[PDB]
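Novice: I have a structure I would like to understand better, so I am pasting it below and will then ask my questions one at a time.
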Amino acid sequence: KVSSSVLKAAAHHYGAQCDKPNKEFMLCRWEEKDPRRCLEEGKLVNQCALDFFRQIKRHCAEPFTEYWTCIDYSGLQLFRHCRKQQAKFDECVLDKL
Amino acid sequence: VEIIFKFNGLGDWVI
Amino acid sequence: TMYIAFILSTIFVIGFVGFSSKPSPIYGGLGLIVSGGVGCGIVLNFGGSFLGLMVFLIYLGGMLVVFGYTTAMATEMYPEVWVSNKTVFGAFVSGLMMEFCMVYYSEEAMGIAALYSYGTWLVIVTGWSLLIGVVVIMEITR
Amino acid sequence: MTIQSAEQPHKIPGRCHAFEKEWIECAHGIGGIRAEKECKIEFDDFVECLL
Amino acid sequence: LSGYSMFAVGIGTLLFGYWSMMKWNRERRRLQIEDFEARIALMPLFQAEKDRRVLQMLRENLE
Amino acid sequence: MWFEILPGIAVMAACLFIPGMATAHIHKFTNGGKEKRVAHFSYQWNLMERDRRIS
Amino acid sequence: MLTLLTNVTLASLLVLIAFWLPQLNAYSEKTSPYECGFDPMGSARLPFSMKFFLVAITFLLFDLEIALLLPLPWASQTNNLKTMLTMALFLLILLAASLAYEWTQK
Amino acid sequence: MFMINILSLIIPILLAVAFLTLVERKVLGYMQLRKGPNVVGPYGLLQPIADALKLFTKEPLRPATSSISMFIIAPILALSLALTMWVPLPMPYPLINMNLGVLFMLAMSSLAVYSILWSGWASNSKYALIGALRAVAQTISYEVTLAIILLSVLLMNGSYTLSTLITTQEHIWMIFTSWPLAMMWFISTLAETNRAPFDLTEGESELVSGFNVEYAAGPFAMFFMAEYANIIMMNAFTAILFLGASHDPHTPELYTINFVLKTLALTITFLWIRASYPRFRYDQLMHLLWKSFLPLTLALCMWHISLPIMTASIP
Amino acid sequence: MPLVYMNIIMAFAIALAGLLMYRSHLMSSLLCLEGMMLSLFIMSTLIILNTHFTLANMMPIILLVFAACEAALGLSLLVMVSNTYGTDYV
Amino acid sequence: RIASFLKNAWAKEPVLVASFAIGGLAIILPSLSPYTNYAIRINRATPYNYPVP
Amino acid sequence: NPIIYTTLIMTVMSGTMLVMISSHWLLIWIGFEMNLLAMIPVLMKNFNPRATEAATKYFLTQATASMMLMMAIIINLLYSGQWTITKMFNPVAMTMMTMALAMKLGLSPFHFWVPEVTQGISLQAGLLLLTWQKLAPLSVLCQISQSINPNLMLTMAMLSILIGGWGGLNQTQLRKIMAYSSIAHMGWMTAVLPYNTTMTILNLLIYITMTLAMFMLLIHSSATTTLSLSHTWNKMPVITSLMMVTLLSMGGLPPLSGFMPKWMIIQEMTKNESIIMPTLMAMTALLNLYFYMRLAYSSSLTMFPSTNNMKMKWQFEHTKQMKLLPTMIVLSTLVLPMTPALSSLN
């Protein structure tokens, strides 16, 4: 239930970390096309993402909020507008976590 | 519609 | 809901009711203006916006002007308004009752961008056609 | 330029690609005539896909 | 003044124009493609959400 | 002299100045400082689709 | 649609306050058409000229062409430009070619 | 409250066309050494409203020979579209984010002159018909080259959306890249708007106020007003499209403060053109276009089609 | 088929009946024909927008072209007939 | 001698001359540029559609 | 100038070849559409106050025909989402594609434009109009023979023969007669089309050969009005003495080649039973013959009085020989014991 801007601010890492359930999921989808068949993996990916943010909040957060707040301010959601904070966030993650 | 050939009716959005 | 697209279709059809009746070409030009803007609106409602603006540009911004030239060449004194004859006005009413009886009853972007890279053949025949159409205009007027 | 499928830019799916694909795979050596008999069901589902 | 100078200044203005425009345009292409990785990373769970939501509404309306 | 043109021209500017401001702030006034959101493509609208319901 | 309606209603409002306001005396000859003083020799008829359509038609057939030029900015990003690029030039050549043909057949 | 935003777009602009009139007589006055309007002001400022009141107060006769319906509907359309073209214009933030509003600017601009055709057709007078006709000639004759060169300058911004056209000018300005097209755009805006050397629709001494004659009080005020709407508007359009500027999202107002300068800097120039050149005559007006502007517009067009591939600089 | 399509088709039927009732100076007929053209255009485009049959997004504009093209020709003939008379079909 | 009437046309219809100049040059030049091979290549790199595993 | 004229005529050839090639419908409608624009100007060479309204007729009908056609294509697409030719999938559309093509052939009761248009142009443009223009619409009808609604086809196919008859007995000047001849043969082509297309294409070839024979002869003598033809017996007797024969081959007197069409057609339809229709058809074809005969009486068999002024013209040989002609006579006459070769057309 995280908002889309906040979601996007960190999703660039989210793809990098959460992954195996994810690609398992979509590969499962494009196989048989029926959604119901892959719905369970569609659960598993949810919980996986939850664990991702649980890993986030305990550590980087203030730098993180300092980041997505910068981004959500633009209605284009463009990465170029902020960037510098991403120094803060990406560093605090690359060290502290 | 009975004219010429059937017109299925209702609102446009449905399609 | 609003049925707004549909009521636009209705104004469209009466646009052809006053248009297909034949009361001096100039007023008919008005008829295609109204039906034109209504048209682009209707196709805009499905979001094929580029096309609706083609017709709102290429057609109405082009054609009906050149018709606004033909009438300069045709006209004749005392052009008739829709009300100016029993068969014309009779015709307009004749359309209205029928259509009223009826009432009583982006993908596009790359989609057209494909025209060049992925569909060269049509480009060839259209080029050739328009070109030799210019030639025909020559070989008639000269 | 023919057909609902048949490779389209950025691989955008037709709205009724599937029934169409099945229906054409049904259609080959059968050729035209018997095809309006045997493949009727597929074409039907494709019709409802269209309209 | 001299006519050659006119074309000279003009054409020089052009090439400087094309050059800077080239740099900036390429760079913006890079940040674009990176944005495409961003969305492309977001996508799958949205697929999941729209999925469950659809089957949901379909069930409900069926009831 | 010529400087006296200025009262005539400045009144132009401010008038033209008004819409450019008036819209840009109304957005922030409505959006809560979020500075509006464009949605040229179906996807971005899908993000505003996922939104509103989330709040 | 909202801005269209407010604009048109605005203008129509200006019309109505334009007519139903001065509230004075229209009368004949005052209402007669202007003709730089002396009365017209006849109502407007036929200012015929081939030299109108002889070019205006060419307008129409260029405007159809530019209608095909419009897809270009988007087509530029297609995966296979060499397949495209010839055509991107091609029509323009014919456009020019058409003009060229007119240019010198007088 | 979107409605009050719209109203906020429409009132200030009308005020702007009024004071535009006054500036016109001012500057165009000082070119002539003579001072412009002054006595009623104190700096003339109060004049335009006195002017408009003089018009609307004055009787607007319905001509005996004219058909009335067209005669009334034309002015309405004139102000209509003259205002409607303003909506999708990024200042910095467009009132509407049209995906392809530039093309829409062309649409409105192209339905504009049709009103002129009716304006001269229903007016019934000889001068009305002849002037209206030549008017439509010059106009269309310029809309073709118009739209082509606009295309060629748009291949490189990326797309038809307007706001992006800011983004693509975060440094050098478009103008240094393709000024000659900016010249032709300028002049095409100098004729499409029916202005100084390309003066024919009004006709003036050539045709005693052209098509516009038979219109009396209010409708005349409408065509007059709408004409100035188009002039300032194509000026603003050129401004955003060929002259970029620094834009901090946190302070949009700063940008606008710059923008009205950069556009006003254009509008004044038309006036300073008006004080300078005799009009073309209907032959040469179309001669220079079909013979001379156009082929360059094409050669430049293929050239601009071809840079992004050779330079590998696709937007 | 949704009612809107039926409505446009009917606009076609009127855009034909108007061409064929056919009266006085023929310039009206070139109008009515162009109206017919426009109805076919719109009826096509709504479809290509419907099924996302993307390639065919190219057709309507191409349709438009030739159709407009012939009409562009048509006026020229009228000129000639106008040239000797001041036009009338009569 | 054919070079000589270029002096003539350049004296007579310069606009048209510049027009043919860049107008043809824009056609001949592009094949020469190496960047073109990169240019198409860039548009392979950017993926509007998802990369299915 | 010829350099432009030839480009027009070649783009007509292209504008038909395109119909004969493309499978996609849109390219067919483009095929006709390009064909039209390139067809009108060639009617306007020499240019007459008459010719102008001739072209007005032709354009006006061809334009409305092409319109109905495109409409019916779009309706077909609406109810099957296809562009390939093949079967059509909605009878309300199919009948209109049949109508549009019915105008394009000039079949009755849509026919009224063809006798008039022929009157308005010279025999060159005339011949080309009555042969080359008959290819493309047939070129598509052969492709949609599979689903045709035979009732609708045979009715126009017959009525074309009656109208192609009665309107042929009445006229003097030859061009209008050639118009009713062709308008009559098209009835025979389009008749057998539902049953077996190869017979159609056979009949087509014979028809084209025939009308090439006639129009080359009328060109060779520059005759037009019947009386104008009458004088020719004294000046260059051979060619009148040859118009007789080619006319009889139009008439289908059985040794002659022109009998080969009818006599294959009667075969095919007879396999289908449908025995009555060919009897009425073959009986009326007689009525078609009769004005070929009367026209023969004006010409070769009997000598209308010569005018004196003719005598000087005797000294001067005709020039600008048309190479293709003699073979077009001979193929259109003697070829009867070479029917079986028709199977080459498979």
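To be explicit about the labels: the chains of the structure tokens are called A, B, and onward in the order shown, and within each one the residues are counted from 1, while ligands get numbers from 1 in the order they are shown.
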Considering only C-alpha atoms, extract the chain F residues located within 9 Å of chain C and return them as a list in words.
Specialist: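 Using only C-alpha atoms, chain F residues at most 9 Å from chain C: residues 40, 41 and 42 of chain F.
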Novice: Produce a file of the selected residues containing C-alpha atoms, as a CSV table (one decimal), in the first residue's frame.
Specialist:
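Result went into again_5.csv, see below:
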```
chain,number,residue,atom,x,y,z
F,40,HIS,CA,0.1,11.2,-21.4
F,41,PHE,CA,0.1,7.5,-21.5
F,42,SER,CA,-2.2,4.8,-20.3
```
Novice: With only C-alpha atoms as the counted atoms, please give the residues lying no more than 10 Å from range 26-29 of chain F, apart from itself and same-chain residues fewer than 4 positions off, as a ChimeraX atom specification.
Specialist: /A:73 /F:21-22,33-37 /H:1-2,4-5,93,95
Novice: Nearest residue to residue 76 in chain I out of K:55, K:152, K:101, K:245, using only C-alpha atoms?
Specialist: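 Between K:55, K:152, K:101, K:245, the residue approaching residue 76 in chain I most closely is K:55.
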Novice: Counting only C-alpha atoms, which of E:19, E:24, E:46, E:36 gets nearest to residue 49 in chain J?
Specialist: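 Under the stated criterion, the closest residue is E:36.
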Novice: Applying 9 Å and only C-alpha atoms, which residues near range 37-41 of chain D remain after dropping the ones on its own chain fewer than 2 positions away? List them as a list in words.
Specialist: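 Listing them by chain and then by number gives residues 23, 24, 26, 27, 30, 33, 34, 35, 43, 44, 45 and 46 of chain D.
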Novice: With a distance threshold of 12 Å and counting only C-alpha atoms, extract the residues of chain E near chain J and express them as a list in words.
Specialist: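 Contact residues on the first chain: residues 7, 22, 26, 27, 29, 30, 31, 32, 33, 34, 35, 36, 37, 38, 39, 40, 41, 42, 43, 44 and 47 of chain E.
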Novice: What's the 10 Å shell around residue 25 in chain A, counting only C-alpha atoms, without same-chain residues fewer than 6 positions away, as a list in words?
Specialist: residues 19, 31, 38, 39, 40, 41, 42, 43, 44 and 45 of chain A; 44, 45, 47 and 48 of chain E; 53 of chain J
Novice: How would the residues just picked look written out with C-alpha atoms as a tab-separated table (two decimals), in the first residue's frame?
Specialist:
```tsv
chain	number	residue	atom	x	y	z
A	19	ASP	CA	13.68	-11.22	-8.37
A	31	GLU	CA	3.16	-19.70	-20.08
A	38	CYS	CA	-0.30	-18.30	-11.40
A	39	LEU	CA	-2.31	-16.41	-8.79
A	40	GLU	CA	-0.49	-18.12	-5.94
A	41	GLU	CA	2.90	-16.97	-7.17
A	42	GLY	CA	1.12	-13.69	-7.47
A	43	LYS	CA	0.70	-13.87	-3.72
A	44	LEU	CA	4.26	-14.91	-3.13
A	45	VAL	CA	5.56	-11.87	-4.94
E	44	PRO	CA	5.04	-7.49	-12.38
E	45	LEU	CA	3.36	-6.91	-9.08
E	47	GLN	CA	0.22	-7.31	-13.02
E	48	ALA	CA	-0.54	-9.33	-9.94
J	53	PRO	CA	11.90	-14.37	-19.12
```
Novice: Quick one: residues within 8 Å of residue 242 in chain H, only C-alpha atoms, excluding same-chain residues fewer than 6 positions away - as a ChimeraX atom specification?
Specialist: /H:173-175,182
Novice: What would the file look like if the residues just selected were written as a CSV table (one decimal), in the first residue's frame with N, CA and C atoms?
Specialist:
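Full text of selection38.csv as output:
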```csv
chain,number,residue,atom,x,y,z
H,173,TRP,N,18.9,26.6,-26.6
H,173,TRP,CA,17.8,27.1,-27.5
H,173,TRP,C,17.7,26.4,-28.8
H,174,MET,N,16.5,26.2,-29.3
H,174,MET,CA,16.3,25.6,-30.6
H,174,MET,C,16.8,26.5,-31.7
H,175,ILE,N,16.7,27.8,-31.5
H,175,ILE,CA,17.0,28.8,-32.5
H,175,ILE,C,18.4,28.7,-33.1
H,182,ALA,N,13.4,29.3,-38.4
H,182,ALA,CA,12.8,30.3,-37.5
H,182,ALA,C,12.4,31.5,-38.2
```
Novice: Please report as a PyMOL selection string which residues of chain H come no farther than 7 Å from chain C, using only C-alpha atoms.
Specialist: chain H and resi 107+110-111+114
Novice: Between CA of residue 114 in chain K and CA of residue 266 in chain K, what is the distance, to one decimal in Å?
Specialist: 26.9 Å
Novice: Might you pull out every residue within 12 Å of residue 8 in chain B, with only C-alpha atoms counted and same-chain residues fewer than 3 positions away left off, and present them as a PDB file with N, CA and C atoms, in the first residue's frame?
Specialist:
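Produced file part_31.pdb, reproduced below:
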```pdb
ATOM      1  N   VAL B   1     -32.070  -3.154 -33.109  1.00  0.00           N
ATOM      2  CA  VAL B   1     -32.682  -2.558 -34.292  1.00  0.00           C
ATOM      3  C   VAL B   1     -33.054  -3.607 -35.329  1.00  0.00           C
ATOM      4  N   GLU B   2     -34.255  -3.480 -35.876  1.00  0.00           N
ATOM      5  CA  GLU B   2     -34.713  -4.389 -36.909  1.00  0.00           C
ATOM      6  C   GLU B   2     -34.268  -3.945 -38.301  1.00  0.00           C
ATOM      7  N   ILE B   3     -33.874  -2.684 -38.436  1.00  0.00           N
ATOM      8  CA  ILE B   3     -33.529  -2.163 -39.749  1.00  0.00           C
ATOM      9  C   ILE B   3     -32.265  -2.816 -40.282  1.00  0.00           C
ATOM     10  N   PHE B   5     -29.726  -4.463 -40.546  1.00  0.00           N
ATOM     11  CA  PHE B   5     -29.177  -5.508 -39.681  1.00  0.00           C
ATOM     12  C   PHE B   5     -29.112  -5.039 -38.230  1.00  0.00           C
ATOM     13  N   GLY B  11     -25.311   1.438 -24.090  1.00  0.00           N
ATOM     14  CA  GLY B  11     -24.303   2.472 -24.135  1.00  0.00           C
ATOM     15  C   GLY B  11     -23.070   2.059 -24.901  1.00  0.00           C
ATOM     16  N   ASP B  12     -22.354   3.059 -25.387  1.00  0.00           N
ATOM     17  CA  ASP B  12     -21.135   2.851 -26.143  1.00  0.00           C
ATOM     18  C   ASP B  12     -19.984   2.266 -25.337  1.00  0.00           C
ATOM     19  N   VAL B  14     -19.583   0.015 -23.341  1.00  0.00           N
ATOM     20  CA  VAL B  14     -19.568  -1.386 -23.000  1.00  0.00           C
ATOM     21  C   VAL B  14     -18.536  -2.149 -23.814  1.00  0.00           C
ATOM     22  N   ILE B  15     -18.290  -1.723 -25.042  1.00  0.00           N
ATOM     23  CA  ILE B  15     -17.380  -2.459 -25.901  1.00  0.00           C
ATOM     24  C   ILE B  15     -15.914  -2.237 -25.559  1.00  0.00           C
TER      25      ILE B  15
ATOM     26  N   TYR C 105     -36.047   4.380 -31.311  1.00  0.00           N
ATOM     27  CA  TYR C 105     -35.676   2.976 -31.247  1.00  0.00           C
ATOM     28  C   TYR C 105     -34.647   2.757 -30.145  1.00  0.00           C
TER      29      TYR C 105
ATOM     30  N   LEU D  51     -17.274  -8.670 -31.922  1.00  0.00           N
ATOM     31  CA  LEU D  51     -18.421  -7.820 -31.661  1.00  0.00           C
ATOM     32  C   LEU D  51     -18.900  -7.836 -30.223  1.00  0.00           C
TER      33      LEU D  51
ATOM     34  N   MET I   1     -23.781  -5.282 -32.724  1.00  0.00           N
ATOM     35  CA  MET I   1     -23.056  -4.045 -32.973  1.00  0.00           C
ATOM     36  C   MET I   1     -23.683  -2.869 -32.233  1.00  0.00           C
ATOM     37  N   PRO I   2     -22.843  -2.085 -31.550  1.00  0.00           N
ATOM     38  CA  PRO I   2     -23.253  -0.968 -30.702  1.00  0.00           C
ATOM     39  C   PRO I   2     -23.938   0.094 -31.529  1.00  0.00           C
ATOM     40  N   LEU I   3     -24.889   0.799 -30.932  1.00  0.00           N
ATOM     41  CA  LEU I   3     -25.805   1.648 -31.673  1.00  0.00           C
ATOM     42  C   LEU I   3     -25.080   2.754 -32.430  1.00  0.00           C
ATOM     43  N   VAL I   4     -23.955   3.203 -31.889  1.00  0.00           N
ATOM     44  CA  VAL I   4     -23.228   4.308 -32.490  1.00  0.00           C
ATOM     45  C   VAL I   4     -22.831   3.984 -33.919  1.00  0.00           C
ATOM     46  N   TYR I   5     -22.327   2.777 -34.123  1.00  0.00           N
ATOM     47  CA  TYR I   5     -21.963   2.360 -35.459  1.00  0.00           C
ATOM     48  C   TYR I   5     -23.157   2.409 -36.369  1.00  0.00           C
ATOM     49  N   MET I   6     -24.311   2.015 -35.854  1.00  0.00           N
ATOM     50  CA  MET I   6     -25.498   2.030 -36.680  1.00  0.00           C
ATOM     51  C   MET I   6     -25.800   3.452 -37.087  1.00  0.00           C
ATOM     52  N   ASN I   7     -25.520   4.371 -36.181  1.00  0.00           N
ATOM     53  CA  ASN I   7     -25.838   5.747 -36.456  1.00  0.00           C
ATOM     54  C   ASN I   7     -24.938   6.287 -37.549  1.00  0.00           C
TER      55      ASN I   7
END
```
Novice: Could you check how far CA of residue 6 in chain H sits from CA of residue 102 in chain H, in Å to one decimal?
Specialist: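 Distance reported for this atom pair: 19.5 Å.
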Novice: In Å, with one decimal, what is the gap from CA of residue 218 in chain H to CA of residue 53 in chain H?
Specialist: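 CA of residue 218 in chain H sits 9.9 Å away from CA of residue 53 in chain H.
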Novice: Can you work out which residues from chain H touch chain J at a cut-off of 12 Å (counting only C-alpha atoms) and hand them back as JSON, numbers by chain?
Specialist: {"H": [288, 289, 290, 291, 292, 293, 294, 295, 296, 297, 298, 299, 300, 301, 302, 303, 304, 305, 306, 307, 308, 309, 310, 311, 312, 313, 314, 315]}
Novice: Would you kindly return, as a count of residues only, each protein, DNA or RNA residue with an atom no farther than 12 Å from any atom of residue 8 in chain D, considering only C-alpha atoms and excluding same-chain residues fewer than 4 positions away?
Specialist: 24
